[PDB]
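Step one of this worksheet: look at the structure below.
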Amino acid sequence: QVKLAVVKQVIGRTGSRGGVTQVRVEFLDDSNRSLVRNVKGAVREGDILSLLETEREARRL
Amino acid sequence: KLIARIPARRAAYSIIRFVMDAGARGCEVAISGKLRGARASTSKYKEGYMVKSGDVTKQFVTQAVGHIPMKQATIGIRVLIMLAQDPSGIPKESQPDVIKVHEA
Amino acid sequence: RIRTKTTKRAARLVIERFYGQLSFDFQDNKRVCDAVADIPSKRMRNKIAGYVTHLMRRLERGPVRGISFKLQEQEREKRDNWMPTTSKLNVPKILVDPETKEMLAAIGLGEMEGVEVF
Amino acid sequence: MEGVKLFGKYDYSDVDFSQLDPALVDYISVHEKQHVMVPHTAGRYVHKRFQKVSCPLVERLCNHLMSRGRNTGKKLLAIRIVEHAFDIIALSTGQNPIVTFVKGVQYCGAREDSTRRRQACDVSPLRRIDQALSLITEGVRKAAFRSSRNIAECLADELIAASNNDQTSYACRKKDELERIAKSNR
RNA sequence: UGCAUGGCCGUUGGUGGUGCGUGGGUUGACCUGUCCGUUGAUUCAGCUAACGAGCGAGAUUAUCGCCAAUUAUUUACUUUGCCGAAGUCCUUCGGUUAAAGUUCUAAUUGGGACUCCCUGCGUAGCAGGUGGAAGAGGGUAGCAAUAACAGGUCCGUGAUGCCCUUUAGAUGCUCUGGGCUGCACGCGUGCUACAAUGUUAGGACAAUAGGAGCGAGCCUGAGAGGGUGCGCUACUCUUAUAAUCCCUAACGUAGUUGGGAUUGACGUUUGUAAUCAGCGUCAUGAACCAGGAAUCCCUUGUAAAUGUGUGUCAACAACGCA
């Protein structure tokens, strides 16, 4: 319930209109693991993202 | 010349040779309007080199536009002539393109 | 913010002639390129001197392509000319492969005093 | 630089950012540099991307509450309204305004959104506190337009309920539509 | 007659392009030169049957921003000193060819910023950072190649070919009057609103222009307006104490003190003329509760709001350029 990632590295950008970034994240929960998630806005490395759902990675790269 | 029915080739390359031999870096000659055909068509005769842009046009490039009325139609005459800079002659300063390095 | 063909081709021609002047510092070399070359504007010399500095800290390193500054032309000639003592071509036994010995039979120059096989 | 207090009334000593939560707080912009006597300033904040963080947060509201087409400019108007919120906030509850303000900026801006099928992306903390201040102030003027009631009050009505997590609020109602749309599309 | 033309302008396209000398390839149209990274850029870097010269780009010009030299006591100011008025023991005003100047003001000559500096990434360069008035073409403009569009203009011209008009009861020119302003309706650019982040009443900082026409001060009238005409051939005198904003009141969610269209009359200015011009006054008090499908402009002192000049002009801006 409301889990907390943090951005290791910005791989690049994506979407049809270039609207969204996507990012490698390491969980701040501390369980550990790396999740590749599409964020909406603009993201500086080391930023913290709250995810309703920790499961599912985005698609491809 | 062109009142007295010389071809336009020969009329231009009269003066365009006379300009360059006298002392100038380039010149252009345009003879716009109606020779031969029903449509008007543009001659342009050029030699040397001829700077068209910037401030440096205004300092270097002399030019003069005119027209000849005839029996048939109204031609336009137009002659652009570029100069060399003198050392304090009658332009002084060189172009902003060029620079000169001294010998060792 | 790229340097054009005129300001590069000047700045190489400056270092050609006057490497005896100049330094790593910009504010020095700016004031040199007034005296060395008659230039119309102020902005020109700041961009010429800006590449003259750039090439200096490339030159503090292996020799840059398409540029020759008279001190290295003298230094290359000394580095060129001398040649070490001894031929360096004498083993002097000289090893030779089995088939290449049978060639040196067929020429008519076996018993050369140069050794064989392994 | 000893008191250092907003409108010459409130103080930033309080506001316990560490206390408020994890994440979110960073793009909050209430960290010392941000504090100022008056939220008015000569902004140079739109020059390079993330410079909006380094401005004060109370200013960033006063800019949002500058619409539409008649109220453009006139910031010097808006910082009266946000003053006369922060009296109504402080003297009703007895909390000071800045604590109960930043709790409103937390819980408005929804995590997730439909990126145009449509797919549900996550958000940056920058884009959360942006779309906090929009969906507060959108609700304020939409309420205050035609309503026989001063907008300083209609800000203060919106701003209290944003902290306590009620569906009175135009902010915190509109996130639960937008967040559920992201959950549906997915 | 712009489909006979000159010039001038818009546009394709202000994008990065265009094509010569000698050499090579091809029977030839023609190609090569003019091709794996970088830049706004055929910008550089380097490949290489091409090598070398151009033009456009860049440079340059103009201005805005930061500097300190050079001048200025009758065209800008400041400080100090004098003589005033109030305060009434030291504060604020106004004046002064009166001594010193230059921070504001005015404008000439120069300085200044180059990816120079550091760290990452990939030599060309790129991203961030320090400092700095200013940092990545410092911002904004101006100028802008070759090659064309039967795009526009014979209603700009003593620029013009040909056609017809000069049968003067003229298509020449001019006087009186009327049109281009006529309205069942359809589209384009704009303006003012639909209010309370408001309107009403009272109180409290600009810049750029222009001016032998601007028009000072003081009288007259509710108001518009009217009379008298001081200064200025202008950084001197003048249009000229701008408006959103700000601070005290009034109103109260209503087609309402929101909105100000359309109509009736009186009071006037400009003009040979007000019949379709503008201003004032009192009345009249409409449609409009944020606008369907659609579409436009915009990245920083920008959008949006908010006024002021100027062009046309006797008088009239909801328009253009600033």
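Note on naming: chains are A, B, ... as they come in the structure tokens, residues start from 1 per chain, ligands start from 1 in the order shown.
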
Find the residues around residue 242 (chain E) up to 8 Å (only C-alpha atoms (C1' of nucleotides) counted), leave out those fewer than 2 positions away in its own chain, and share them as a PDB file with C-alpha atoms (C1' of nucleotides), in the first residue's frame.
ATOM      1  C1'   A E 206       6.088  55.492 -16.931  1.00  0.00           C
ATOM      2  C1'   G E 307      -3.081  52.479 -20.770  1.00  0.00           C
ATOM      3  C1'   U E 308       0.007  56.474 -23.941  1.00  0.00           C
TER       4        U E 308
END

Give me, as a ChimeraX atom specification, all polymer residues having an atom no more than 9 Å from region 33-46 of chain A, counting only C-alpha atoms (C1' of nucleotides) and skipping those fewer than 5 positions away in the same chain.
/A:5-10,13-14,19-27,54-59,61 /D:49-50,112-113,115,120-128

Quick one: residues within 12 Å of residue 39 (chain B), only C-alpha atoms (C1' of nucleotides) counted, chain neighbours fewer than 5 positions away excluded, as a ChimeraX atom specification?
/B:32-34,73 /E:3-5,150

Selected residues, N, CA and C atoms (P, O5', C5', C4', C3', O3' and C1' of nucleotides), written as a PDB file, in the first residue's frame, please.
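Everything below was put into selection.pdb:
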ATOM      1  N   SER B  32      16.779  42.956 -68.742  1.00  0.00           N
ATOM      2  CA  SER B  32      15.489  42.323 -68.476  1.00  0.00           C
ATOM      3  C   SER B  32      14.424  42.895 -69.400  1.00  0.00           C
ATOM      4  N   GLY B  33      13.678  42.016 -70.068  1.00  0.00           N
ATOM      5  CA  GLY B  33      12.506  42.416 -70.850  1.00  0.00           C
ATOM      6  C   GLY B  33      12.383  41.622 -72.134  1.00  0.00           C
ATOM      7  N   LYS B  34      12.008  42.308 -73.216  1.00  0.00           N
ATOM      8  CA  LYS B  34      11.463  41.670 -74.417  1.00  0.00           C
ATOM      9  C   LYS B  34      12.372  41.903 -75.629  1.00  0.00           C
ATOM     10  N   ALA B  73       8.793  47.308 -76.942  1.00  0.00           N
ATOM     11  CA  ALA B  73       8.562  47.111 -75.506  1.00  0.00           C
ATOM     12  C   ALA B  73       9.642  47.773 -74.646  1.00  0.00           C
TER      13      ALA B  73
ATOM     14  P     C E   3      -0.557  38.277 -65.867  1.00  0.00           P
ATOM     15  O5'   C E   3      -0.773  38.058 -67.431  1.00  0.00           O
ATOM     16  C5'   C E   3       0.255  38.415 -68.378  1.00  0.00           C
ATOM     17  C4'   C E   3      -0.226  38.216 -69.799  1.00  0.00           C
ATOM     18  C3'   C E   3      -1.600  38.804 -70.130  1.00  0.00           C
ATOM     19  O3'   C E   3      -1.649  39.456 -71.400  1.00  0.00           O
ATOM     20  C1'   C E   3      -1.568  36.513 -70.667  1.00  0.00           C
ATOM     21  P     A E   4      -1.037  40.929 -71.595  1.00  0.00           P
ATOM     22  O5'   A E   4       0.460  40.630 -72.042  1.00  0.00           O
ATOM     23  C5'   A E   4       0.731  39.822 -73.201  1.00  0.00           C
ATOM     24  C4'   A E   4       1.989  40.294 -73.889  1.00  0.00           C
ATOM     25  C3'   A E   4       3.166  40.626 -72.978  1.00  0.00           C
ATOM     26  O3'   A E   4       3.861  39.456 -72.562  1.00  0.00           O
ATOM     27  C1'   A E   4       2.861  42.388 -74.507  1.00  0.00           C
ATOM     28  P     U E   5       4.638  39.449 -71.164  1.00  0.00           P
ATOM     29  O5'   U E   5       5.674  40.645 -71.337  1.00  0.00           O
ATOM     30  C5'   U E   5       6.355  41.219 -70.209  1.00  0.00           C
ATOM     31  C4'   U E   5       7.062  42.486 -70.625  1.00  0.00           C
ATOM     32  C3'   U E   5       7.733  43.268 -69.507  1.00  0.00           C
ATOM     33  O3'   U E   5       8.992  42.713 -69.138  1.00  0.00           O
ATOM     34  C1'   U E   5       6.440  44.748 -70.789  1.00  0.00           C
ATOM     35  P     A E 150       1.949  29.507 -62.794  1.00  0.00           P
ATOM     36  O5'   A E 150       1.568  30.904 -63.465  1.00  0.00           O
ATOM     37  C5'   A E 150       1.907  31.211 -64.833  1.00  0.00           C
ATOM     38  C4'   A E 150       2.150  32.693 -64.994  1.00  0.00           C
ATOM     39  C3'   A E 150       0.920  33.590 -64.883  1.00  0.00           C
ATOM     40  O3'   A E 150       1.280  34.931 -64.552  1.00  0.00           O
ATOM     41  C1'   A E 150       1.698  33.631 -67.099  1.00  0.00           C
TER      42        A E 150
END

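Between residue 66 (chain B) and the residues B:98, B:30, B:51, B:8, the shortest atom-to-atom distance, using only C-alpha atoms, involves B:30.
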
Please find the residues of chain C near chain E - the criterion being any atom within 6 Å, counting only C-alpha atoms (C1' of nucleotides) - and write them as number ranges by chain.
C: 26, 46-47, 50

Contact residues around residue 29 (chain B) with only C-alpha atoms (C1' of nucleotides) at 7 Å, ignoring same-chain residues under 3 positions, as number ranges by chain:
B: 12, 44-46, 78-80

With chain B as the partner and 10 Å as the cut-off, tabulate the residues of chain C that qualify, each row holding the nearest pair of atoms and their distance in Å to one decimal, using only C-alpha atoms, sorted by chain and rising number, as CSV.
residue,atom,partner,partner_atom,distance
C:6,CA,B:97,CA,8.0
C:7,CA,B:99,CA,9.2
C:10,CA,B:101,CA,7.6
C:11,CA,B:101,CA,9.7
C:13,CA,B:101,CA,7.6
C:14,CA,B:101,CA,7.1
C:16,CA,B:104,CA,9.5
C:17,CA,B:104,CA,5.9
C:18,CA,B:104,CA,7.3
C:33,CA,B:101,CA,8.9
C:34,CA,B:101,CA,9.8
C:35,CA,B:102,CA,8.7
C:36,CA,B:102,CA,5.8
C:37,CA,B:101,CA,4.2
C:38,CA,B:100,CA,5.8
C:39,CA,B:99,CA,5.5
C:40,CA,B:96,CA,5.9
C:41,CA,B:96,CA,7.4
C:44,CA,B:96,CA,9.1

Among the residues of region 43-74 of chain C, find those DSSP assigns to helix (DSSP H, G or I) from the backbone and print them as a list in words.
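Those in region 43-74 of chain C that DSSP calls helix (DSSP H, G or I) are residues 43, 44, 45, 46, 47, 48, 49, 50, 51, 52, 53, 54, 55, 56, 57, 58, 59, 71, 72, 73 and 74 of chain C.
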
Would you tabulate, counting only C-alpha atoms (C1' of nucleotides), all residues of chain D that have an atom at most 6 Å from an atom of chain E, showing the closest pair of atoms and their distance in Å to one decimal, sorted by chain then ascending number, as a Markdown table?
| residue | atom | partner | partner_atom | distance |
| --- | --- | --- | --- | --- |
| D:69 | CA | E:304 | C1' | 5.7 |
| D:70 | CA | E:305 | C1' | 5.9 |
| D:72 | CA | E:304 | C1' | 5.6 |
| D:148 | CA | E:253 | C1' | 5.7 |

Using only C-alpha atoms (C1' of nucleotides), select each residue of chain E with any atom at most 12 Å away from an atom of chain B, and give the selection as a PyMOL selection string.
chain E and resi 3-7+20+53-62+142-146+148+150+159-162

CA of residue 25 (chain B) and CA of residue 13 (chain B) are how many Å apart?
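Atom-to-atom, CA of residue 25 (chain B) to CA of residue 13 (chain B), that is 15.7 Å.
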
Two-atom distance - CA of residue 105 (chain D), CA of residue 163 (chain D) (Å)
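So the two atoms, CA of residue 105 (chain D) and CA of residue 163 (chain D), lie 8.1 Å apart.
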
List the neighbours of residue 100 (chain E) out to 10 Å using only C-alpha atoms (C1' of nucleotides); skip same-chain residues closer than 2 positions along the sequence, and give me the result as a list in words.
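Final neighbour list, sorted by chain and number: residues 73, 79, 80 and 98 of chain E.
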
Run DSSP on the backbone and give me the residues of chain A it puts in strand (DSSP E or B), as number ranges by chain.
A: 3-14, 20-27, 34-39, 48-51

All residues 8 Å or closer to residue 165 (chain D), only C-alpha atoms (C1' of nucleotides), same chain fewer than 4 positions away omitted, as a PDB file with N, CA and C atoms, in the first residue's frame:
ATOM      1  N   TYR D 107      -1.608  15.706  -0.730  1.00  0.00           N
ATOM      2  CA  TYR D 107      -2.640  14.696  -0.975  1.00  0.00           C
ATOM      3  C   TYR D 107      -3.570  15.000  -2.158  1.00  0.00           C
ATOM      4  N   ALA D 161      -9.895  21.226   3.921  1.00  0.00           N
ATOM      5  CA  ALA D 161     -10.362  19.879   3.561  1.00  0.00           C
ATOM      6  C   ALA D 161      -9.346  19.066   2.743  1.00  0.00           C
ATOM      7  N   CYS D 172      -9.445  16.770  -3.932  1.00  0.00           N
ATOM      8  CA  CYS D 172      -9.318  15.379  -3.494  1.00  0.00           C
ATOM      9  C   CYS D 172     -10.480  14.475  -3.940  1.00  0.00           C
TER      10      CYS D 172
END
